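[1] Kindly return the folded structure for what I paste below:
(chains A, B and C)
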Amino acid sequence: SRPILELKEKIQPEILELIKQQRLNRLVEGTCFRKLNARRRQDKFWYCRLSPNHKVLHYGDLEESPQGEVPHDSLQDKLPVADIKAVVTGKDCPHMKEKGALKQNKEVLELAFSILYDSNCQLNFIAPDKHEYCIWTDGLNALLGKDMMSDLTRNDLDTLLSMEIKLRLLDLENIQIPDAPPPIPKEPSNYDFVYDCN
Amino acid sequence: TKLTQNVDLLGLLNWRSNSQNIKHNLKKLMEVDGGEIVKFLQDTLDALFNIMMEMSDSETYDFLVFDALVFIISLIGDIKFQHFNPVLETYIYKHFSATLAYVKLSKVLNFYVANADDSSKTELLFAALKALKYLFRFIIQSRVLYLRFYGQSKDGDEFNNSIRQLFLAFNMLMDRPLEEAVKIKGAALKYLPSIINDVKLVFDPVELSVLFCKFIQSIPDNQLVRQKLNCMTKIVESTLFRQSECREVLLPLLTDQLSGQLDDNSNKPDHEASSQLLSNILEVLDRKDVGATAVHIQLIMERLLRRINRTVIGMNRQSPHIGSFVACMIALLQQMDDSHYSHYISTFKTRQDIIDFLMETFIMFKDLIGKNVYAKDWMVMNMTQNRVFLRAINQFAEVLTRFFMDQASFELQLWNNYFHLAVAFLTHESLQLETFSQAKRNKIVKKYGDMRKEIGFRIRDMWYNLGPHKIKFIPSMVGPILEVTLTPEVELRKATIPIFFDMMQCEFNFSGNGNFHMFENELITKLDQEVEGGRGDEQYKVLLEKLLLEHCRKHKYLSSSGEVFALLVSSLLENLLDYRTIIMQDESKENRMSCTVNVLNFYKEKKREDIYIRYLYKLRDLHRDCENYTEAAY
Amino acid sequence: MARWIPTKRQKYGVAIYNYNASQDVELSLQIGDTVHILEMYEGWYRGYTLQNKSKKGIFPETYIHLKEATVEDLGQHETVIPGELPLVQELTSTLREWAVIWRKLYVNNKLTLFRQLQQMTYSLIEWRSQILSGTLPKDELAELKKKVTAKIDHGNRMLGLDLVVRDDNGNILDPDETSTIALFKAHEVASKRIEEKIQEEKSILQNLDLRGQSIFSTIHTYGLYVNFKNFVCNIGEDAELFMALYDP
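    Numbers count the residues shown, from 1 in each chain, chains lettered A, B, ... in the order given. Sharing the structure here:
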């Protein structure tokens, strides 16, 4: 399968592309995110929609919406990407370094992500579980145009690559691909087509 | 499977040495276990047959052999013994040895029929009725065995007569009231065609057919309707592979029952049964080998179509098997030729009755295309229905052109039903519908082409044939024709904008007194609603404008007026184009109000007061979405 | 690159690998590009590709594993066994549309149906592989014809797609506009199988006894396979062990 694997893993471009596209769609659709330590009647649900323009983030101190996102220009409708330095994830989050009343507990370490914008104010966020957290940071890295850091993302990429190479190889069944590609037959150096083109 | 535990079986097999016991053995055969019976079914049959030959004169023994054999075949018909039923027919064709069992058994059963009201022969005749097929396989085989054993049947008259007086026993038994023997009549109807193919070996098909016809006209015509439906159905099942000699003698009587079923208000048992009739008869008549019937197909048309069409006036309800009846007569359409249609479809009674007929058929068609009678999964059946309805309406198109067109001095207004029916049918299965799968376009075009294309060109040649009465018809059809032009198809639309020029030219002739203002007004209206809907596209309006503009160049100054009006149309269009694209692009508020005030202004330009108001209403709807009591008030 | 000829003995254009870009109309050509070649050259072939049935591509014959087979494998008897290989082409086009189905099935988080789709997909590709040849008995051929039609129209039912009838022999004969009423009741058969499946997914994929009852309504003789492993009993003598079925 060595030539087959060469052929397969050489034509990547579109697979990670589509996975990142899906991540982007996930951020655009968005859902109710969690604030910090939503305890004293604080909204553990509030939405953050990536723009239809993909230029603003519809994040705002919205209420406990079990449905999910409510569509409007949120309490903080703007989050341009031109200034998004990064997102601190895990212990790197300032909300994970808080030792005051907002001290995030030990059950939010993987729910730790705060978008770096303005270099001082971080969208100190908490996730409902690991997978959507990884997807959020994935899509944000897609806004940064970098790699996807969900384990399930690499799952999707490998399985799509395997299925795709599976769904191409049909015709060369009963035939082999030499590791060195079979010799290109010497074309007639004259471009002369005795019968017309097409 | 070979060992036997019963004195009775050994005695009956050994009946020849047990001759004093034959009468007693013929009744003790009943208590023999069937499992033991089919161990020596062959020998038991040979025993009984050689009995009722060796003392056929003693009709007591023939009767008891009859009774015992009938009881055995009834027992073998069991699922346990349905595997030895092939063994039983093996005996029939091979191991049978009775040279007069045909005479003897046809005789005994003629007695059973002529004496059916007897309640001791009632069960005997019944049990003979259930297996009539088996019993006269045996008997027709005994007849031919006699033929072989004697070269020629000197009983050649005798047995075929025994059959004929059995016909007459049928007729006299069932001429009696239904109460005594309703179940006997039912079994006769059921298993009588089970034996007609048996007797096809040794009887004339036509004489047999008419003997049954006599039996069936010995019917008092209000007894066991679906049952005789079954009877004829099993009849045409067999015995019709030889079609041209009984088809023409039974279809008389059978269209008799059909026209009785036309509307007797008692079809409620016979609805599905008659549809089944139609089914099997359309099969067999359409069965290529069963027999040529094209002229008899036309006979069927002339004697069954006004019939069944008034009957579907009756069965015009969607909930029942209306769809199955639809399948019936459209199968008829399929199996049939315009040589048959225009023969008398185009040549019915007085023009008023035929136009009433076409009113019926056309409203029915328009009511089937609406609230379609499929599950939407029947694109196959959809296409079938399309083709057959196409066939029917084509025939009605020729009758329209040759009997109600300029041909007729008046009543050019079935054409309303014609055109609108055709369009409403035409308004499904479009290019996006073709676009479901990638092969879907290909699948349809290969297997069906584009039905829409024929539909449209058919209607177009009809339109060109209308000639003057376009004016007398334009406002009625302004709406539908714009839609058919909307169809994503390039070619029908390309042919259809010139039809727009056609009727605006006609109203240009009418513009001597008036103008196409009603035409263009309705056109504009429907244009508004339709482009709101969102079928057409940009290249589409391009085609529209190119065509109509060009055609009006081919015409005069008022066609230049119609040109600038089509220009207004195109402006309108592209306004709706970019309008809707924003409507389904931004989904903000402000851009929506932007485009809507623009188009509103455009109505203001065109003074399309009503629709102008309408989009004013949409716009104020936007403003009290925005609570623009200010703007909403304005 | 001379000598090009319009011919139809080449339909199965076959690649070798992610093809060279040897011509302007050629790429790292897809492995399953059965290319309808409009022009016949000895060492090369250019015509309507599988991805693009509207564009040529000059493909080397050293890479063209040309097959004379057309769509139907019985015209030149390309069938490994008559009356079957229409199955292989329909299954190929089937998976063609399966491509769109699943590529959408990830867009919508419907992963249960999508995964049962995958496992049916693996089952069908392996059945497809075994029936690349005619090795299985024609009993298995018709059985797998039935099952492939079943799963195909099962996907259609799940997705509101077309209905293919003529249950056996390529699902064409009835959809070959032979009649109306036979076709009518055949599409009635189609809806009957529609209801059978759409009611039986929850009966077989979910329930376990109704499926056995439905099977046993078709079969009457049975054999209870009893596999004696080892006997534990303190007898001290020769033991006769009479094993039979009992009805208390």
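
[2] make it CA atoms for all contacts and neighbour counts henceforth
    Will do.

[3] For chain C, which segments are assigned as helices?
    For chain C, the helices defined by DSSP state H cover C:86-105, C:111-130, C:138-159, C:181-200, C:209-216.

[4] residues near residue C:18, how many?
    20 (other C-alpha atoms under 10 Å in any protein chain shown).

[5] Give the closest residue to it in space, chain neighbours not counted.
    Leaving aside its chain neighbours, residue C:18 sits nearest to residue C:28 (4.0 Å; criterion: C-alpha to C-alpha, 6 or more residues apart in numbering or on different chains).

[6] Quick one: residues contacting residue 109.
    Just going to use chain A. Applying C-alpha atoms under 8 Å, 6 or more residues apart in numbering or on different chains to residue A:109 gives the contacts A:90-91, A:96.

[7] Let me rephrase: I mean chain B.
    Counted by C-alpha under 8 Å, 6+ apart, residue B:109 has contacts B:125, B:128, B:166.

[8] related to what we said a few turns ago, dihedrals phi and psi, the residue nearest to residue C:18?
    phi -70, psi 70 (degrees, to the nearest 10).

[9] Residue A:17 and chain B, how far apart?
    Using C-alpha to the nearest C-alpha, to the nearest Å, residue A:17 is found at 24 Å from chain B.

[10] What strand or helix carries that residue?
    helix A:14-29 (DSSP states H and E).

[11] in that helix, what counts as buried?
    Residues A:15-16, A:19-20, A:22-29 are the ones in helix A:14-29 that count as buried (16 or more other C-alpha atoms under 10 Å in any protein chain shown).

[12] Filter the residues you listed to keep only those in contact with chain C.
    Filtering the buried residues of helix A:14-29 for proximity to chain C (criterion: C-alpha under 8 Å from any C-alpha of the partner chain) leaves residue A:22.

[13] what's the closest of the buried residues of helix A:14-29 to residue C:128?
    residue A:15 (26.5 Å; C-alpha to C-alpha).

[14] Go ahead and confirm residue B:361 touches residue B:310.
    No: using C-alpha atoms under 8 Å, residue B:361 makes no contact with residue B:310, being 9.1 Å away.

[15] out of the two, which sits in the busier spot?
    Taking neighbours as other C-alpha under 10 Å, residue B:361 and residue B:310 compare with residue B:361 leading, 21 against 18.

[16] Return the residues in contact with the more buried one.
    residue B:309.

[17] For my notes, confirm it occurs in a helix.
    Yes: remark: residue B:361 belongs to a helix, assigned using DSSP: H, G, I helix; E, B strand; the rest coil.

[18] got a list of what the residue in chain A positioned nearest to chain B touches?
    Minimum separation of chain A from chain B (C-alpha to the nearest C-alpha) falls at residue A:52, amounting to 8.7 Å. Going by C-alpha under 8 Å, 6+ apart, residue A:52 touches residue A:28.

[19] re the thing from before, can you tell me which of the contacts of residue A:109 is closest to residue C:9?
    Nearest to residue C:9 among the contacts of residue A:109, with distances taken as C-alpha to C-alpha, is residue A:90, at 63.1 Å.

[20] What residues does chain C have near chain A?
    Checking chain C against chain A by C-alpha under 8 Å from any C-alpha, the hits are C:1-5, C:14-18, C:30-34, C:38-39, C:43, C:46-47, C:55-56, C:60, C:62-63, C:107.

[21] Which parts of the stretch 201-350 of chain B are helices?
    Taking DSSP state H, counting those that start in this stretch, the helices of the stretch 201-350 of chain B run over residues B:205-217, B:225-237, B:247-262, B:267-286, B:294-314, B:322-334, B:338-344.

[22] In the third one, which residues are buried?
    What it means is helix B:247-262. So for helix B:247-262, counting by 16+ other C-alpha under 10 Å, buried means B:247, B:250-251, B:254-255, B:257-259, B:261-262.

[23] Run me through the strand neighbours of the helix or strand where residue A:115 lies, direction for each.
    Applying DSSP H and E as the criterion places residue A:115 in strand A:113-117. The pairing partners recorded for strand A:113-117 under DSSP bridges are strand A:86-89 (antiparallel), strand A:121-125 (antiparallel).

[24] show me the contacts for the residue in chain C that chain B sits nearest to.
    Using C-alpha to the nearest C-alpha, residue C:180 is the residue of chain C that sits closest to chain B, at 5.1 Å. Residues near residue C:180 by C-alpha under 8 Å, 6+ apart: B:327, B:330-331, B:334, B:384.

[25] what about 10 Å?
    B:279, B:282-283, B:327-335, B:381, B:384-385, B:388, C:174, C:186 (C-alpha atoms under 10 Å, 6 or more residues apart in numbering or on different chains).

[26] again with residue B:371
    residue B:318.

[27] Repeat the analysis, applying 7 Å as the threshold.
    Going by C-alpha atoms under 7 Å, 6 or more residues apart in numbering or on different chains, residue B:371 touches no other residue.

[28] So it: helix, strand or coil?
    On the basis of three-state DSSP, residue B:371 is classed as coil.

[29] Got phi/psi on it?
    phi 40, psi 60.

[30] can you count the residues close to the residue lying closest to residue A:55 once chain neighbours are set aside?
    Closest residue in space to residue A:55, ignoring its immediate chain neighbours: residue A:80 at 5.6 Å, by C-alpha to C-alpha, 6+ apart. Neighbourhood size, residue A:80 [other C-alpha under 10 Å]: 13.

[31] So residue A:80, which state does it fall into?
    coil.

[32] Would you mind measuring from it to residue B:465?
    Between residue A:80 and residue B:465 the computed distance is 66 Å (C-alpha to C-alpha, to the nearest Å).

[33] what comes into contact with the strand or helix carrying residue B:161?
    Secondary structure from DSSP H and E places residue B:161 in helix B:156-175. Identification of contacts with helix B:156-175 by C-alpha under 7 Å, 6+ apart yields B:103, B:106-107, B:110, B:113-114, B:185, B:203, B:211, B:215, B:218-219.

[34] want to throw these into JSON lines with distance to residue B:399 and neighbour count?
    Below are the contacts of helix B:156-175 laid out as JSON lines (distance: C-alpha to C-alpha, whole Å; neighbours: other C-alpha atoms under 10 Å in any protein chain shown):
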{"residue": "B:103", "distance to residue B:399": "58", "neighbour count": "23"}
{"residue": "B:106", "distance to residue B:399": "55", "neighbour count": "24"}
{"residue": "B:107", "distance to residue B:399": "57", "neighbour count": "20"}
{"residue": "B:110", "distance to residue B:399": "54", "neighbour count": "22"}
{"residue": "B:113", "distance to residue B:399": "53", "neighbour count": "29"}
{"residue": "B:114", "distance to residue B:399": "54", "neighbour count": "22"}
{"residue": "B:185", "distance to residue B:399": "45", "neighbour count": "22"}
{"residue": "B:203", "distance to residue B:399": "45", "neighbour count": "18"}
{"residue": "B:211", "distance to residue B:399": "41", "neighbour count": "19"}
{"residue": "B:215", "distance to residue B:399": "41", "neighbour count": "19"}
{"residue": "B:218", "distance to residue B:399": "41", "neighbour count": "17"}
{"residue": "B:219", "distance to residue B:399": "39", "neighbour count": "16"}
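
[35] Contact partners for the residue most central in space within chain C?
    Nearest to the geometric centre of chain C sits residue C:91, at 4.3 Å (C-alpha atoms, centre = their mean). Going by C-alpha under 7 Å, 6+ apart, residue C:91 touches no other residue.

[36] returning to that earlier point: could you pull up the contacting residues of the residue nearest to residue C:18?
    C:18-21.

[37] Quick check: chain neighbours aside, which residue is closest to residue 142?
    By default, I'm working from chain A. Spatially, and ignoring its direct neighbours in sequence, residue A:142 is nearest to residue A:20 (6.1 Å; C-alpha to C-alpha, 6+ apart).

[38] let's do chain B instead
    residue B:102 (4.9 Å).
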